[PDB]
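Look below for two forms of one protein chain, each set out as C-alpha coordinates: first structure 1, then structure 2.
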Structure 1
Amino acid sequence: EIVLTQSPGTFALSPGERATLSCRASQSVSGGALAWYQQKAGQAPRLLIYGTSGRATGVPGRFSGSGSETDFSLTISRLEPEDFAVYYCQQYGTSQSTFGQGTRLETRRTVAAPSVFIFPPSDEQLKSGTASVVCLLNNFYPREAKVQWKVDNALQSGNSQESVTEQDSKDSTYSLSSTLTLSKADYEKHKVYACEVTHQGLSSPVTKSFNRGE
(Lines of atoms letter the chains of each structure in order from A and count residues from 1; the text may use other names and numbers.)
(Lines give C-alpha, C1' and ligand atoms only; values in the text may rest on other atoms or scores of the structure.)
Protein backbone atom coordinates (compact mmCIF):
# COMPACT_ATOMS: atom_id res chain seq x y z
CA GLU A 1 0.00 0.00 0.00
CA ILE A 2 0.97 3.65 -0.30
CA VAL A 3 1.96 4.85 3.16
CA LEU A 4 1.40 8.51 4.06
CA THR A 5 3.56 10.05 6.77
CA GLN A 6 2.57 13.42 8.21
CA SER A 7 4.77 16.04 9.86
CA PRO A 8 4.89 17.46 12.40
CA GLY A 9 3.05 15.02 14.68
CA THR A 10 1.95 17.71 17.10
CA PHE A 11 2.89 21.39 17.04
CA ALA A 12 1.83 24.73 18.49
CA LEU A 13 1.20 28.07 16.82
CA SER A 14 -0.68 31.27 17.65
CA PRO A 15 -3.69 32.87 15.92
CA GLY A 16 -2.44 35.10 13.11
CA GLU A 17 0.48 32.84 12.23
CA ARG A 18 1.05 30.77 9.10
CA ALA A 19 0.84 26.99 9.49
CA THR A 20 2.45 24.54 7.07
CA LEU A 21 1.59 20.86 7.41
CA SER A 22 3.40 18.15 5.45
CA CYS A 23 2.41 14.78 3.98
CA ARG A 24 5.00 12.44 2.46
CA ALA A 25 3.97 9.38 0.42
CA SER A 26 5.98 6.16 0.10
CA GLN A 27 5.28 6.16 -3.64
CA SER A 28 4.26 8.95 -6.02
CA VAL A 29 0.58 9.85 -5.77
CA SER A 30 -1.03 9.38 -9.19
CA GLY A 31 -2.39 12.58 -10.73
CA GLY A 32 -1.94 14.49 -7.48
CA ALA A 33 -5.03 12.78 -6.09
CA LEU A 34 -4.30 13.97 -2.56
CA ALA A 35 -6.88 15.38 -0.14
CA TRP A 36 -6.74 17.11 3.24
CA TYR A 37 -9.30 16.86 6.04
CA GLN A 38 -9.86 18.76 9.26
CA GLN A 39 -11.24 16.98 12.32
CA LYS A 40 -12.39 18.37 15.65
CA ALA A 41 -13.18 16.35 18.78
CA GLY A 42 -16.38 14.36 18.38
CA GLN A 43 -16.92 15.43 14.77
CA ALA A 44 -16.64 13.64 11.45
CA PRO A 45 -13.73 14.79 9.26
CA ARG A 46 -14.34 17.81 7.02
CA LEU A 47 -12.93 17.93 3.49
CA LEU A 48 -10.72 20.99 2.98
CA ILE A 49 -8.60 20.30 -0.09
CA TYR A 50 -8.85 17.81 -2.96
CA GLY A 51 -6.63 17.03 -5.95
CA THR A 52 -3.63 18.65 -4.22
CA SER A 53 -4.81 22.26 -4.50
CA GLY A 54 -8.57 22.29 -5.05
CA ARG A 55 -10.62 23.83 -2.26
CA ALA A 56 -13.96 22.38 -1.17
CA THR A 57 -17.17 24.41 -1.04
CA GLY A 58 -17.46 26.26 2.27
CA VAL A 59 -13.71 26.26 2.89
CA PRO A 60 -12.12 29.71 3.47
CA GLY A 61 -9.38 31.02 1.18
CA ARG A 62 -6.76 30.93 3.94
CA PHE A 63 -6.51 27.17 3.32
CA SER A 64 -4.39 26.13 0.35
CA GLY A 65 -2.72 22.96 -0.87
CA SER A 66 0.43 22.27 -2.86
CA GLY A 67 2.82 19.50 -3.81
CA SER A 68 3.58 16.78 -6.32
CA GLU A 69 5.08 13.30 -6.60
CA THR A 70 5.61 12.22 -2.99
CA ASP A 71 5.58 15.54 -1.13
CA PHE A 72 2.45 17.53 -0.31
CA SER A 73 1.63 20.46 1.96
CA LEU A 74 -1.41 22.14 3.48
CA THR A 75 -0.93 25.82 4.27
CA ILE A 76 -3.11 27.94 6.55
CA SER A 77 -2.09 31.50 5.71
CA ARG A 78 -3.38 33.22 8.85
CA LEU A 79 -4.57 31.05 11.72
CA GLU A 80 -7.94 31.66 13.36
CA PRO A 81 -9.03 30.10 16.69
CA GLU A 82 -11.40 27.76 14.81
CA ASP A 83 -8.45 26.28 12.88
CA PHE A 84 -6.86 24.44 15.78
CA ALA A 85 -7.71 20.81 15.17
CA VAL A 86 -6.34 17.54 13.82
CA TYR A 87 -5.51 17.35 10.11
CA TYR A 88 -5.30 14.26 7.88
CA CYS A 89 -4.03 13.72 4.37
CA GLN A 90 -5.47 11.03 2.09
CA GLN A 91 -4.32 9.63 -1.24
CA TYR A 92 -6.96 8.30 -3.62
CA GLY A 93 -4.91 7.95 -6.80
CA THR A 94 -5.14 4.18 -6.57
CA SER A 95 -8.05 1.91 -5.66
CA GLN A 96 -6.52 1.27 -2.24
CA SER A 97 -6.99 4.67 -0.60
CA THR A 98 -4.97 5.49 2.53
CA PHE A 99 -4.79 8.21 5.19
CA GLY A 100 -1.85 9.72 7.05
CA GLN A 101 -1.54 9.34 10.82
CA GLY A 102 -2.70 12.88 11.53
CA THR A 103 -1.15 16.15 12.65
CA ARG A 104 -2.47 17.96 15.71
CA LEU A 105 -2.26 21.74 15.59
CA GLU A 106 -2.58 23.30 19.05
CA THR A 107 -2.56 26.87 20.36
CA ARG A 108 0.75 28.19 21.68
CA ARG A 109 0.62 30.20 24.90
CA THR A 110 2.90 31.11 27.81
CA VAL A 111 4.00 28.45 30.29
CA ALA A 112 1.49 27.87 33.08
CA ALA A 113 2.23 25.70 36.11
CA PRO A 114 -0.48 23.27 37.19
CA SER A 115 -2.51 23.71 40.35
CA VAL A 116 -2.41 20.33 42.08
CA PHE A 117 -5.10 18.65 44.18
CA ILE A 118 -5.27 15.20 45.78
CA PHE A 119 -8.43 13.28 46.74
CA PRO A 120 -8.64 10.31 49.13
CA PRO A 121 -10.97 7.39 48.33
CA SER A 122 -14.52 7.78 49.62
CA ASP A 123 -15.82 5.70 52.52
CA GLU A 124 -18.57 4.52 50.17
CA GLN A 125 -16.06 3.07 47.71
CA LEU A 126 -14.01 1.47 50.49
CA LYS A 127 -17.05 -0.65 51.39
CA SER A 128 -16.70 -2.35 47.99
CA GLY A 129 -13.14 -3.49 48.65
CA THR A 130 -11.31 -1.12 46.30
CA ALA A 131 -9.67 2.28 46.85
CA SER A 132 -9.24 4.91 44.16
CA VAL A 133 -6.93 7.83 44.89
CA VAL A 134 -7.17 10.76 42.48
CA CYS A 135 -4.72 13.54 41.62
CA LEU A 136 -5.80 16.59 39.63
CA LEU A 137 -3.42 18.83 37.69
CA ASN A 138 -5.41 21.89 36.68
CA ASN A 139 -4.97 24.47 33.92
CA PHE A 140 -1.36 24.03 32.79
CA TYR A 141 0.73 24.52 29.65
CA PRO A 142 2.47 22.87 27.86
CA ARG A 143 0.77 19.47 27.83
CA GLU A 144 3.82 17.50 28.99
CA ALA A 145 3.61 16.66 32.70
CA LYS A 146 4.72 13.83 34.95
CA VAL A 147 2.76 12.35 37.83
CA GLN A 148 4.48 10.11 40.37
CA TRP A 149 2.34 8.32 42.95
CA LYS A 150 3.85 7.43 46.32
CA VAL A 151 2.42 5.28 49.11
CA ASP A 152 4.50 5.55 52.29
CA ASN A 153 7.31 6.80 50.01
CA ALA A 154 7.03 3.73 47.75
CA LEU A 155 6.92 4.74 44.09
CA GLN A 156 3.85 3.27 42.39
CA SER A 157 4.29 2.10 38.81
CA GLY A 158 1.75 0.35 36.59
CA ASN A 159 -1.21 0.74 38.95
CA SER A 160 -2.45 4.13 37.82
CA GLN A 161 -4.16 5.51 34.73
CA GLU A 162 -4.44 9.09 33.54
CA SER A 163 -6.14 11.21 30.92
CA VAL A 164 -5.90 14.78 29.69
CA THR A 165 -8.60 17.21 28.55
CA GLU A 166 -8.70 18.87 25.16
CA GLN A 167 -6.99 22.25 25.15
CA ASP A 168 -9.39 24.79 26.69
CA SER A 169 -10.88 27.09 24.04
CA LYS A 170 -10.57 30.16 26.27
CA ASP A 171 -7.23 29.96 28.09
CA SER A 172 -5.50 27.30 25.95
CA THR A 173 -4.48 25.21 28.97
CA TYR A 174 -4.74 21.50 29.70
CA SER A 175 -5.84 19.59 32.78
CA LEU A 176 -4.92 16.06 33.83
CA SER A 177 -6.59 13.49 36.07
CA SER A 178 -4.73 10.46 37.39
CA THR A 179 -6.26 7.61 39.37
CA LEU A 180 -4.22 5.25 41.55
CA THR A 181 -6.08 2.01 42.25
CA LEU A 182 -5.37 -0.17 45.29
CA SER A 183 -7.27 -2.84 47.20
CA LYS A 184 -8.97 -1.66 50.39
CA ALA A 185 -6.71 -4.06 52.28
CA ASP A 186 -3.57 -2.43 50.91
CA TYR A 187 -4.99 1.07 51.35
CA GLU A 188 -5.66 0.52 55.06
CA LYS A 189 -2.10 -0.73 55.67
CA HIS A 190 -0.45 2.52 54.65
CA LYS A 191 -0.56 6.11 55.88
CA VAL A 192 0.95 8.68 53.51
CA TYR A 193 -0.52 9.05 50.04
CA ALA A 194 1.22 11.48 47.74
CA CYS A 195 1.12 12.74 44.17
CA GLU A 196 4.36 14.36 42.94
CA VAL A 197 4.12 16.55 39.88
CA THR A 198 6.88 17.68 37.52
CA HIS A 199 6.23 20.37 34.92
CA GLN A 200 8.09 23.09 33.00
CA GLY A 201 6.27 25.78 35.00
CA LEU A 202 7.53 24.35 38.30
CA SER A 203 11.14 25.08 39.30
CA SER A 204 10.98 22.02 41.55
CA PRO A 205 8.43 19.17 41.72
CA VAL A 206 5.26 19.85 43.71
CA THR A 207 3.87 17.18 46.02
CA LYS A 208 0.36 17.07 47.44
CA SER A 209 -0.30 14.48 50.13
CA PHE A 210 -2.73 13.27 52.75
CA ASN A 211 -2.50 10.94 55.72
CA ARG A 212 -5.14 8.21 55.76
CA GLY A 213 -7.51 8.78 58.67
CA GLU A 214 -6.68 12.44 59.23
Structure 2
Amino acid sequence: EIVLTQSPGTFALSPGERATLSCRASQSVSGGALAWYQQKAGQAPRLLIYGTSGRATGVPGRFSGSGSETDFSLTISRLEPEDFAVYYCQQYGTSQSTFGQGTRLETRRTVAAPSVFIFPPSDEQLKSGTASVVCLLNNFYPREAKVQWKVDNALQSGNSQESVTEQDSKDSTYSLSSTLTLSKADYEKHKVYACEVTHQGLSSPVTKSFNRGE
Protein backbone atom coordinates (compact mmCIF):
# COMPACT_ATOMS: atom_id res chain seq x y z
CA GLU A 1 0.00 0.00 0.00
CA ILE A 2 1.32 3.47 -0.92
CA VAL A 3 1.40 5.63 2.21
CA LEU A 4 1.09 9.38 1.57
CA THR A 5 2.63 11.69 4.17
CA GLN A 6 1.70 15.34 4.04
CA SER A 7 3.81 18.10 5.56
CA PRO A 8 3.63 20.28 7.43
CA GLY A 9 0.68 19.13 9.58
CA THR A 10 -0.37 22.76 10.15
CA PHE A 11 0.83 25.90 8.32
CA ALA A 12 0.38 29.44 9.70
CA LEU A 13 0.44 32.08 6.94
CA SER A 14 -1.27 35.31 5.87
CA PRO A 15 -3.04 36.44 2.68
CA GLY A 16 -0.51 37.70 0.16
CA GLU A 17 2.06 35.02 1.06
CA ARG A 18 2.89 31.93 -1.01
CA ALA A 19 2.04 28.51 0.42
CA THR A 20 3.81 25.32 -0.64
CA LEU A 21 2.28 22.09 0.63
CA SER A 22 4.05 18.77 0.22
CA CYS A 23 2.96 15.16 -0.18
CA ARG A 24 5.51 12.36 -0.05
CA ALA A 25 4.69 8.80 -1.13
CA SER A 26 6.26 5.68 0.41
CA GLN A 27 6.93 4.39 -3.11
CA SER A 28 6.83 5.93 -6.58
CA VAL A 29 3.36 6.95 -7.77
CA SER A 30 2.79 5.58 -11.27
CA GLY A 31 2.37 8.04 -14.13
CA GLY A 32 1.93 11.16 -11.98
CA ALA A 33 -1.52 9.90 -10.87
CA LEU A 34 -1.70 12.37 -7.99
CA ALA A 35 -4.50 14.80 -7.13
CA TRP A 36 -5.01 17.60 -4.60
CA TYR A 37 -8.30 18.47 -2.87
CA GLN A 38 -9.44 21.39 -0.70
CA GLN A 39 -11.90 20.88 2.15
CA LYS A 40 -13.66 23.44 4.30
CA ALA A 41 -15.49 22.64 7.52
CA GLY A 42 -18.76 20.86 6.81
CA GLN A 43 -18.29 20.64 3.01
CA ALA A 44 -17.40 17.96 0.52
CA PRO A 45 -13.83 17.94 -0.81
CA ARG A 46 -13.17 20.05 -3.89
CA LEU A 47 -10.78 18.91 -6.62
CA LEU A 48 -7.99 21.43 -7.30
CA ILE A 49 -5.31 19.52 -9.22
CA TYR A 50 -5.31 16.21 -11.10
CA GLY A 51 -2.48 14.25 -12.68
CA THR A 52 0.18 16.14 -10.64
CA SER A 53 -0.21 19.46 -12.47
CA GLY A 54 -3.59 19.67 -14.26
CA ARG A 55 -5.76 22.48 -12.94
CA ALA A 56 -9.36 21.40 -12.42
CA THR A 57 -12.14 23.39 -14.06
CA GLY A 58 -13.04 26.60 -12.24
CA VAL A 59 -9.99 26.42 -9.94
CA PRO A 60 -8.19 29.80 -9.74
CA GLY A 61 -4.88 30.21 -11.56
CA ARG A 62 -3.01 30.83 -8.28
CA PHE A 63 -3.20 27.07 -7.53
CA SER A 64 -0.54 24.89 -9.16
CA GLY A 65 0.73 21.35 -8.64
CA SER A 66 4.16 19.85 -9.27
CA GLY A 67 6.42 16.90 -8.49
CA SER A 68 7.17 13.37 -9.62
CA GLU A 69 7.91 9.88 -8.34
CA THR A 70 7.63 10.11 -4.53
CA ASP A 71 7.52 13.91 -3.99
CA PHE A 72 4.60 16.19 -4.89
CA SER A 73 3.72 19.80 -4.21
CA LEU A 74 0.72 22.12 -4.17
CA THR A 75 1.62 25.81 -4.41
CA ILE A 76 -0.71 28.73 -3.81
CA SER A 77 1.19 31.62 -5.37
CA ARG A 78 -0.60 34.32 -3.35
CA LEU A 79 -3.05 33.30 -0.62
CA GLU A 80 -6.47 34.88 -0.30
CA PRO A 81 -8.58 34.74 2.89
CA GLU A 82 -10.76 31.95 1.47
CA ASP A 83 -7.74 29.69 0.93
CA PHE A 84 -7.44 28.83 4.63
CA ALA A 85 -8.73 25.25 4.69
CA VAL A 86 -7.53 21.63 4.83
CA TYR A 87 -5.76 20.17 1.78
CA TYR A 88 -5.53 16.46 0.93
CA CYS A 89 -3.39 14.66 -1.59
CA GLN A 90 -4.43 11.37 -3.18
CA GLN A 91 -2.69 8.79 -5.36
CA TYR A 92 -4.63 6.70 -7.87
CA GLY A 93 -1.67 5.25 -9.81
CA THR A 94 -2.45 1.73 -8.61
CA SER A 95 -5.73 -0.02 -7.88
CA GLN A 96 -5.56 0.62 -4.11
CA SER A 97 -5.99 4.41 -3.95
CA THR A 98 -4.90 6.22 -0.78
CA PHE A 99 -5.09 9.73 0.69
CA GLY A 100 -2.66 11.74 2.75
CA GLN A 101 -3.61 12.72 6.27
CA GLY A 102 -4.17 16.39 5.38
CA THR A 103 -2.46 19.75 5.84
CA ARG A 104 -4.36 22.61 7.47
CA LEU A 105 -3.61 26.22 6.55
CA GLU A 106 -4.38 28.55 9.47
CA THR A 107 -4.13 32.32 9.64
CA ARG A 108 -1.12 33.51 11.63
CA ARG A 109 -1.40 35.98 14.51
CA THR A 110 0.37 36.95 17.73
CA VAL A 111 0.48 34.44 20.60
CA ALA A 112 -2.59 34.92 22.81
CA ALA A 113 -3.09 33.32 26.23
CA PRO A 114 -6.50 31.76 26.93
CA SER A 115 -8.96 33.40 29.29
CA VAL A 116 -10.03 30.57 31.57
CA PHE A 117 -13.45 30.05 33.16
CA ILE A 118 -14.70 27.20 35.36
CA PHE A 119 -18.37 26.24 35.73
CA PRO A 120 -19.74 24.14 38.62
CA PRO A 121 -22.47 21.65 37.74
CA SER A 122 -25.88 23.30 37.88
CA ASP A 123 -28.31 22.39 40.65
CA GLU A 124 -30.66 21.35 37.83
CA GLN A 125 -28.21 18.69 36.60
CA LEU A 126 -27.39 17.59 40.14
CA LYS A 127 -31.05 16.88 40.89
CA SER A 128 -30.88 14.48 37.90
CA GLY A 129 -28.09 12.39 39.45
CA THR A 130 -25.04 13.42 37.41
CA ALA A 131 -22.41 16.17 37.61
CA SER A 132 -20.45 17.86 34.81
CA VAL A 133 -17.75 20.42 35.63
CA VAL A 134 -16.83 22.57 32.61
CA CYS A 135 -13.60 24.48 31.97
CA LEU A 136 -13.57 27.01 29.10
CA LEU A 137 -10.29 28.22 27.52
CA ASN A 138 -11.36 31.17 25.40
CA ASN A 139 -9.73 32.92 22.41
CA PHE A 140 -6.14 31.62 22.48
CA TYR A 141 -3.40 31.10 19.90
CA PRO A 142 -1.66 28.77 18.95
CA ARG A 143 -4.01 25.78 19.03
CA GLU A 144 -2.01 23.55 21.40
CA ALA A 145 -3.24 23.73 25.02
CA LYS A 146 -3.23 21.47 28.07
CA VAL A 147 -5.99 21.14 30.67
CA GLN A 148 -5.43 19.25 33.93
CA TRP A 149 -8.31 18.55 36.31
CA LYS A 150 -7.76 18.28 40.06
CA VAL A 151 -10.34 17.22 42.66
CA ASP A 152 -9.24 17.89 46.25
CA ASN A 153 -5.77 18.62 44.79
CA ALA A 154 -5.65 15.11 43.25
CA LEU A 155 -4.95 14.91 39.51
CA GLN A 156 -7.83 13.37 37.55
CA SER A 157 -7.41 10.87 34.74
CA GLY A 158 -9.73 9.25 32.22
CA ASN A 159 -12.87 11.15 33.26
CA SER A 160 -12.62 14.26 31.05
CA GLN A 161 -13.29 15.01 27.39
CA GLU A 162 -12.50 18.15 25.42
CA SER A 163 -13.04 19.67 22.02
CA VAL A 164 -11.80 22.73 20.15
CA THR A 165 -13.53 25.20 17.86
CA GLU A 166 -12.37 25.84 14.31
CA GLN A 167 -10.06 28.86 14.05
CA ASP A 168 -12.08 32.06 14.35
CA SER A 169 -12.37 33.72 10.94
CA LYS A 170 -11.97 37.26 12.37
CA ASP A 171 -9.42 37.11 15.20
CA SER A 172 -7.57 33.84 14.33
CA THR A 173 -8.03 32.31 17.80
CA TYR A 174 -9.19 28.95 19.08
CA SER A 175 -11.37 28.06 22.04
CA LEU A 176 -11.45 24.84 24.06
CA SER A 177 -14.06 23.27 26.33
CA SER A 178 -13.21 20.45 28.74
CA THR A 179 -15.85 18.56 30.76
CA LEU A 180 -15.05 16.54 33.89
CA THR A 181 -17.74 13.91 34.48
CA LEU A 182 -18.41 12.43 37.91
CA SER A 183 -21.31 10.77 39.64
CA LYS A 184 -23.36 13.04 41.85
CA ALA A 185 -22.15 10.91 44.77
CA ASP A 186 -18.48 11.55 43.98
CA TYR A 187 -19.10 15.25 43.36
CA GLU A 188 -20.74 15.63 46.80
CA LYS A 189 -17.87 13.58 48.29
CA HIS A 190 -15.17 16.15 47.47
CA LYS A 191 -14.75 19.90 47.98
CA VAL A 192 -12.13 21.58 45.75
CA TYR A 193 -12.54 21.47 41.96
CA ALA A 194 -9.77 22.90 39.80
CA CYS A 195 -8.87 23.19 36.13
CA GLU A 196 -5.15 23.93 35.53
CA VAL A 197 -4.28 25.34 32.11
CA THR A 198 -0.90 25.49 30.39
CA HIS A 199 -0.35 27.28 27.09
CA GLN A 200 2.55 28.96 25.30
CA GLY A 201 0.99 32.40 26.00
CA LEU A 202 1.12 31.85 29.78
CA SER A 203 4.25 32.57 31.79
CA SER A 204 2.84 30.31 34.52
CA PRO A 205 -0.10 27.88 34.62
CA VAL A 206 -3.53 29.38 35.31
CA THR A 207 -5.74 27.55 37.80
CA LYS A 208 -9.44 28.34 38.07
CA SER A 209 -11.10 26.57 40.99
CA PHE A 210 -14.18 26.62 43.18
CA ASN A 211 -15.28 24.98 46.41
CA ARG A 212 -18.46 22.92 46.09
CA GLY A 213 -21.36 24.65 47.80
CA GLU A 214 -20.01 28.20 47.88
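C-alpha atoms forming the largest set that superposes within 1.5 Å between two forms make up the rigid core. Here, residue number means position along structure 1's sequence, counting from 1.
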Does superposing the core leave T110 with a CA shift of 2 Å or more between the two structures? no
So, does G93 move by 2 Å or more at the CA between the two structures, with the core held fixed? yes
Once both forms share the same rigid core frame, by what distance in Å has the CA of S128 shifted between the two structures? 2.1
Can you give the CA shift of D83 between the two structures, in Å, with the two forms fit on their core? 0.6
Expressed in angstrom, the C-alpha movement of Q6 between the two structures on a rigid core superposition is 1.3
